[PDB]
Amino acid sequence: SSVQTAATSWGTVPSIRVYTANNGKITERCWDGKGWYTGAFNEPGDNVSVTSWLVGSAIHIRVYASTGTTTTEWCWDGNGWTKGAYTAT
């Protein structure tokens, strides 16, 4: 049908990350002030949400990717993506 997106941003440049769920895959587009590019995030999902927070100026991102009733948390903490501890139960 139509794709589904989620977005987050931080600072004042700003940095923006836009996640798109399309045909069962979530990909990431990124803005850091100098043109859009494709990010490192690539995981399966039919639905995506995101949140982020700063510690000082350092960004932490959590992406919630869902297929059917299964949601997986993906974590950015300054050195790549890792699977997080989030569960339903």
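Counting begins at 1, following the sequence as shown.
In this entry, 77-85 shows the higher mean Cα temperature factor of the pair 15-23 and 77-85. Note on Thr51, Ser57, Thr38, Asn47: the highest value goes to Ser57, judged by CA B factor as recorded. The deposited CA B-factor of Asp32 belongs to the middle third of values across its chain. Placement of the Cα temperature factor of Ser9 within the chain: lowest third of the modelled residues, per the deposited record.
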